[PDB]
Every structure is written in C-alpha cells, then in structure tokens.
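Only one structure is covered here, and it is reproduced in the block below.
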Amino acid sequence: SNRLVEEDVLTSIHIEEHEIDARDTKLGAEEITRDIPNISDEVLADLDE
Amino acid sequence: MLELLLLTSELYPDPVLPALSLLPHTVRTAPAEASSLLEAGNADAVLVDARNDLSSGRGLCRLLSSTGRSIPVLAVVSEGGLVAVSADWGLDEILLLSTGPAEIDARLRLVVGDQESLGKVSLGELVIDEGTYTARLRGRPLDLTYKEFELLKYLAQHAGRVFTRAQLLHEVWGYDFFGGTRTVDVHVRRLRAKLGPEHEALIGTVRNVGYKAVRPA
Amino acid sequence: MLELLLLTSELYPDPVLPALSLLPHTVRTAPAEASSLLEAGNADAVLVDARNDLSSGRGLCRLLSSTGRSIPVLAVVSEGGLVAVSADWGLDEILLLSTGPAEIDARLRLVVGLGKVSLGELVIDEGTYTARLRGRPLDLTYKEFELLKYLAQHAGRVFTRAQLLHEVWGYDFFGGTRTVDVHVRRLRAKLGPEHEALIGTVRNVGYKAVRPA
Amino acid sequence: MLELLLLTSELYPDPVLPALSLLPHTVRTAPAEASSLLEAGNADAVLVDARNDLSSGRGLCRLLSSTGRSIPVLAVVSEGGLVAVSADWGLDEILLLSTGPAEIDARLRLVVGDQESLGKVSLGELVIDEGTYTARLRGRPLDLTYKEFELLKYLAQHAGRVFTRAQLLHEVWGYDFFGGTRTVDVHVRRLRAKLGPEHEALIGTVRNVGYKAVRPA
Amino acid sequence: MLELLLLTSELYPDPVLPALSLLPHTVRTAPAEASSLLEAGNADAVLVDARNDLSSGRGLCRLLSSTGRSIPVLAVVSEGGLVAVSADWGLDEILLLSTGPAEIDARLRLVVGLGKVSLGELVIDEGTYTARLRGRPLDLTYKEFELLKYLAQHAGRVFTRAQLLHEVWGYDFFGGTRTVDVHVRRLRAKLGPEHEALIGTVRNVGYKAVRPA
Amino acid sequence: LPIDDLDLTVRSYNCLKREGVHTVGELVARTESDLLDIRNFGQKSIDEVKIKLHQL
C-alpha cells in the first residue's frame, strides 16, 4: 500500500560518514579550504568557506 | 565592525535605524547639532538623520563633508525626501529607514571603501609585492638579481615544499641551460647572504634534495 | 531624463525590476554580455543583471567598469547575494529587486549629479592628450602619451611589452617590435634629464614608473 | 548645460539658492547692483537675491525686465516676501530658497524651455552651426559632402584628439564598412579640398594611426 | 478671491493640495473630465491632479491648452514626476503637492494677475489656415499651411522628415511617404519663382528652412 | 503575430498602423464593427483582412 510510502511508515534513516585524512607530506599538507583548483560556481553553493 | 556616530537629538538609534541593532556595529549617539562635529574622532562613518529635518540634515551633511573631514557621511532620510537628497550634500551613499540589515552591511562596506591587496605575497617578515617587484623585509627595499627574486618568489609562494635542483631549474632557469645544477648553490649562497641570518630560518636545506622555505611563527 | 540599459536575458524590465515601470525613466534591454557596450548610445545608466547569476554579474561589471569616464554602471542582486557585492565590481551604487521607485530614482540622481586625477610632477589630460613635466611644454604624441599615462597611471606596476600591446597598442598584436624601446627612449629623452628616473627599466621583464620622490 | 547669474549680497551659490548647487547647472555670482546686469552675457537665467532687499530687489527686477533683455529674469525670495511678488515685479518665475533640486530643474525647463543655441560651436574660424548643419571657417561656408561635414565636426569637437580609423569608423560609419577604411584618407582630401592652407593644418595627420584636430592660436 | 476648479476624482480638495484650505480661495471640484471644463464659470484658475499619473494629467493640461482664450491651467505632480513637467504641457504654472500657502498665493497672484512678428515675406494668418508671400493670395492645404508654419518660426533650424512628421502631421505616423517631398515640392511651387530660396533641402539632412538674405 | 506579415494593401497596412494596430491579434480581436470606423478606410481593405482573419 503506497500510503505506507507516502506516510513513510516503512522508511529508514541512513547515516554515513566519509573519513577524510590529511597527512604530512613532502608535497606539503592538504589544506582543506574552499581553495578549489578549476571549480565552477553552482558547485560551491551549499559549501562553507 | 564600524564605530558609528549617529547624529540625532533623540537618545536611541532604534527609532532612527531599526535594523541597526541587528548588527555588531557600535552605535554611539550624539545630538543633531554642530558640536557633535567635535565628537567625530575615530568614528568609521557618521550617521546624519534627515528623515525629518531635511534643511538641517543638509546642513549637517555639509558639515561632515567640509574641507578636511574624510569620515564618510550618510544621510538617513524618508522615502518622500530621497528625491530631495543628491550628491550636493557631500555624499557617496545614503540609507533609507527600511534598509535591511544585510543591506546595511553591504552599503556600509561600500561607503567605507573588499579592497583586497594585489599580488602582495607575505612570508614572515619577508613580504613580497611582485607588482613593484620588491621582496621588502620589514619595510626596507631588498636588492636581488632578476633570477633570485623569481627564485625567491617561487619558494616564497611554495614555502615548505621540498623542491629539487633539477625541478627548480625548469621554473626558474626556464627551458635552457639545462645542465649545471650548482647554479643553485652559487645563487643560494647569495640568497642566504642578502636575506641575512636573522631570517635564514625561512630558507631550509635538506641534504640530497635541495632547498625550501618555511613559514616562521 | 535618463535611459537605463539592462544587460539581461529576461527580455523584460518588470520581472527584473517592478519599480522601473512606475518611474518614467525608459529602459532598453540587451543580453548579458560585455559586447552590449556597442548597444548603448546616449543612455546615462547601464545595469547588469545579477539576480539569478551572481558571478556572471560580477564579471560583467568587471568588464563594464570605471575605464572612461565612467558611465553609471549598476548591478542588481537579491538579499542573500549582497555579500559578494563589493567595490571590486566597479560600482557607484547597489540596487535590489526590493528597491522602490523613489529609491531607484534618487540613487540614479546621485550617480549622475568624479574627476580624473593625473599628477606625477606630470600633467596628464585624459581628454586633452596633453602632457607637461617640469615645464609647460612636454610634447606627447598619441602612442607615447597613453603609453606614459599607463605607466604613470600604473606607477611602479612593472610593465612588459607584452602587457603594453594589448593596452598601449590595440593590438594585433604586432608584438616583439622593440618599438617600446625607441618609444621609451623618446619618453626618456623628451622628459629631459629630470623625471627621467620615473620611467626606469627593470631587466628581463620591462619597466616600471617610479613614483615621486 | 545652462548658464545662470546670481545677483546677491552673498559670496556663493550655497546660501542664496542652495538647490542650484543640487543641480549640475553652472551658476556664477555677482553683486546686487545694476552694473552686474552687464555680467549676464550668453546666460539663460538671472536670479536676484531679493530675500532681504524687496524694494531694491524689485528695482533690480524692473531694470532686468526692461525692453530688450531676452534672458528670462528671476528672483529668489523668502516665504514672507512672496506676498510682495506680483505682476508689478515683472518677473518670469519665482523660486523659493527652500525649493528642491528637481523642482528648480522643472521650473528652469519651464522658464527657459533668448533662444540660446544648443549645438552651435565655434572653434576659432571653424564656426560649426549644427543648428543649421553648417560650419563657417574663415567666413565662407564649407560646401563639403553630406558625410564630409559630419567627419569635420567629429574631428573639431574632439580638438587635439587622436584616434584610430576604427574609432573614427564608429563615429562616421558606425556599424558599416568595417574593413577598407582608406576612404577616410580620401575623405580627408574631400575636407582639405574645401579647407585650404589657411586651415589645412587644423587637421593634423598621424602617420600609421590616423589624424588629429589642431586648436588654432 | 480666486475660484480654483479641481479636476480630480479624490472627492475632496485636501489630499490633492493640503495647504489650500489655509487660503480663503474657493475650490470647486469635479472628476478629471473634459466636460467639466464646461463646469467652469467665473473660475480664475484650474488645477489638475497628476501626482501618480503624469499622462492623463499632461494631456488634460494639453486639452485645456491652445483652446483659448484662456484661463491659465495649473497641475499638481510629485517631485520625482517633475521630469515630465515641461513647456510641452501647455502649462502656465506648475504646483507641487508640498508647496506652501503663501507660495500658492504668490503663484496664483502672478499668473492670473500683441501682434505677430513682421516679416519673413510669409505672413501667417491663423483664421483660414493660409499665408501670404509677397501677394495676398496663398492657398495652403490642411498640412501645406503648417509645414510652412513649422519652417517659419524655426527658420534656419534643420528638421528631418520624421522630426517634421510628428509636428507637421498628427502624426500617425505612416512610412514610405514622400509627403514631405509631395509638400515641399508643392510648397516650392505655390510660392512662385521668388522665395523658392526659403527652404534648405540638402541631401539627407532633412528639410531645413533658410531665412533671408 | 505582428500585422507586418499580413502584407495587405499599403493603405490598409498604414491605415491600420495609424490608429495604433501593431499585431494581428489586436486586429482580429477588434470585432468587425471595430474595423469599419477607421477614418478614411476602404472596404476592400476590410474584405482582405477579413479573409485573412478567417483563413490565416
């Protein structure tokens, strides 16, 4: 019965984590900021600095 | 962000600009008089109310736009008196009463002067302005050859990265004179001199790899 | 009294700005390019559409900017897009879609109702194409005047011939001509022994206009 | 655009009628005597400070509104002096000192709009009457071609101004015949055929770039 | 002491002009109709409301204008609407909606309280729509009398066909006419061999009038 | 559709541009009554525009 879908009677929350590990290197260090090489505009819309 | 002196004989700024409390701007308030001209000081911008007194508002905006007052002046007027206000009052910008808070922040940033420094590279005390092409140290001009500067800026712009002589030859000595690595050391020897030991900590050397730059604390 | 130009692909002023109908200031519309500079004539105001596309409006104001002498250039955004509104667009005002009729009219009257400055010990006349330095007579013909003016206008900005061909020349570019060398030497000789150090050569990259002193 | 003379016991256009300073019009100042009537010239309005002198102000109006003074004559007065302003003044219009910028704009377009010419410019001998589309140069008219007359003025009103033929292309041809701009050189001949050595030098040539207009001295 | 007739649908003279009650002039109101110009009796002046609508107010100022004899026509507009207020309304005096009582008194007491120029060898008589060129008889059609009239007062002024078209005709204005060519060819014929040098017709500059000598 | 496509008689085209007709929608929207009132308007013009309305 699709009521159960529209009601979400049987629906599940799915948390997940992506682990991002920036390490020490002879290249330097992987500075996680919004300093993106070659990035468009619509792709930064929901991103914080 | 801005220390703002409001010119109102009313005690509060919230009947004047209701959104103004919504920002962290520190709004000193002073009576709508000429004596408040002495109370300018280090006010970032002056807020002259001409919502009601357009004649004396014109007088006060002329007063804050005299021969030696660089503090930017805002006429805060009604909507039926915006057409009475133009560039004659010594102005660059004005604020309505229904100006929004993000609108207040935007127009206050625009009336103050954002204004980001050009290719002004900075590595510790050694700050480079490639524009004028000076790698000045603590304000004094520094004298490098054509190559040392471009050598230095590259490392300055890539401080910490462990470069190699073979690597550095390409981006400093271009695609030519492809042999003779030790040109680096002979040049490095001069670099480490004309830098001075006080900031040779910037210049790092690892055996068997070459040279680098290090950000100081 | 004014004509307003909207660099917009909305093809209509009232979806862009509702108040512009209530003002009798008449508006022509052109698509969102810099090339629509050829579209404008005696219009004293030009606006850039930046309501739905923010960085496109920033780039079009960057291209439409303060070059000469300058025309009132405007750009319109929403409220949450007011953070990217800065001085680096090239503006005199900011407008919103929530801007009213008397508000738009008064800001337009503010921009239309400032003066170029050219001092280096060196009288510069942008319209006159006249030059003076340490004396009234400093004969500057067209190629060296804008040339020197660019240098004096960019005092200390190390310039290379490559950088001058697209600015001092058109250009093709008919570059690598060395004509800057004879041009600068004339600028060196004509300006006389004094003020000959302002236009100094920085090797391997060209020259920069040393400021006075 | 329009020239105004301000007859006043004050020194500046700010205290007498402040909204002229709210305008991009050009207002000169003068004393409130009859000899200042010799200072009008090619102006378009003359505005007497009658805000204090009502009897002597109306006398200056009567000397200004005489037989052959074709410049439309004005007074500025207080609101308690408007009751003195009547048909026996001889004024064209009246303007309060509290009047707005656009208000004085519309009053000026009602009092102005002695038939001062719009596009009648005179560059020494080169008397370019664009109201008649004729240019007198040393008296005798210039029987240039239709598009030749345009080119001459575009060089004239840009006196001393050097441009490439492409820029000249936009001001003579516009959006047409982009390539092969040589005919401008031939059109320079069509200009010099009707100019002669008396002013054949007034159109300076610029080898490899274009030409220029020379201001006579 | 003045009867001021308001053509305004506000049903009260008060929001149209507030301070007029401070002066003991009488005000008689009616909606903004041309037929209420037949409602004028001993009215000394007439005010039209054009505060939000400049168009019908200007046209009503025009409707009054040129009728004669006439009673002078006044209007009230806004301050951002003073851009359209001009001499082309047929105004004798313009009022704002914030002008004071003694100000309105002075404007009224000013406004409510000769022959043609001779002669360019073309007299203009306004009765039968005809002129006189070195001779009593000069037949001019409905539009061949004002074409000479338009070039009469603007003697020496250059006017293009369209520039002439919208003042000489209504105009509509149609296109592909040569009506100027049909007229000026005809207006250069009924003027006889003499005074053929009264109109300047150089190629593609339009049709200017050349005054003697 | 702007009336310019109708390609009627030049009188008809100009005699409709005079009164402010700029589109065929406004023209055919003007009822047939709305169209004969035109000052100095020939009937053959009205016939050609009527057949254009009905057919086009």
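Order of writing sets the chain letters: A, B, C, D, E and F. Residues in each chain are counted from 1.
Assume contacts are C-beta pairs under 8 Å (C-beta built on N, C-alpha and C of every residue); 3 or more make two chains touch, one makes a residue touch a chain.
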{"item": "Closest chain to the centre of mass proxy, which here is the mean CA position", "value": "C"}
{"item": "Per Cα centroids, the chain farthest from subunit A", "value": "E"}
{"item": "Pair with more cross-chain C-beta pairs in contact, given E-F and C-D", "value": "C-D"}
{"item": "Between subunit B and subunit E, centroid-to-centroid distance (C-alpha), Å", "value": "59"}
{"item": "Centre-to-centre distance between subunit E and subunit D (centres being mean Cα positions), rounded to whole Å", "value": "26"}
{"item": "Whole-Å separation of chain centres (CA-atom averages), subunit C against subunit E", "value": "44"}
{"item": "Gap in Å, rounded to a whole number, between the CA centres of subunit F and subunit D", "value": "48"}
{"item": "Sites on subunit F at which at least two other chains make contact", "value": "none"}
{"item": "Residues of subunit E touching at least two other chains", "value": "79-80, 83"}
{"item": "Of all residues in subunit A, the ones touching two or more other chains", "value": "none"}
{"item": "Residues of subunit D defined as touching subunit B within the complex", "value": "18-19, 21-22, 98, 100-102"}
{"item": "Of all residues in subunit F, those that touch subunit E in their complex", "value": "10, 14, 17-19"}
{"item": "Interface residues, subunit D side, partner subunit E - complex", "value": "79-80, 82-83, 85-87, 91, 94, 96, 100, 102-103, 105-107, 109-110, 113, 130-133, 146"}
{"item": "Complex contact set, residues of subunit D against subunit C", "value": "22-24, 101-102, 160-162, 164, 175, 206, 209, 212"}
{"item": "Subunit B to subunit E touching residues, read off their complex", "value": "80, 83-84"}
